[PDB]
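Report on the following structure.
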Amino acid sequence: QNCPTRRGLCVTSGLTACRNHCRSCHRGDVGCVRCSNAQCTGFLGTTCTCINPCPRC
């Protein structure tokens, strides 16, 4: 799709990839959205998360 789902970007691609995916159109919880910034999360930083706002795209 033009807005796929990715969350493993902090496992090897690094925070830079998590920040580029959150600033691009990606799959949200109910539809595709894009956000302003990002950070890595999880017990070992093995997850990617975006920062609001997150308007439609």
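Numbering (the authors' numbering), first residue to last: 1 to 57.
Even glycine gets a Cβ: it sits at the ideal position worked out from N, Cα and C.
Indicate the three-state DSSP secondary structure (helix, strand or coil) for residue i in the structure shown.
i: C3; result: coil
i: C54; result: coil
i: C40; result: strand
i: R27; result: strand
What residue range does the alpha helix (DSSP H) around residue i cover?
i: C18; result: 15 to 22
Per DSSP, which one or two residues make a beta bridge with residue i?
i: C32; result: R27
i: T47; result: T41
Excluding the five sequence neighbours on either side, which residues of its own chain have a C-beta within less than 6 Å of the C-beta of residue i, listed in chain order?
i: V11; result: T46
Which same chain residues, not among the five before or five after residue i, have their C-beta less than 8 Å away from its C-beta?
i: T41; result: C10, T47, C48, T49
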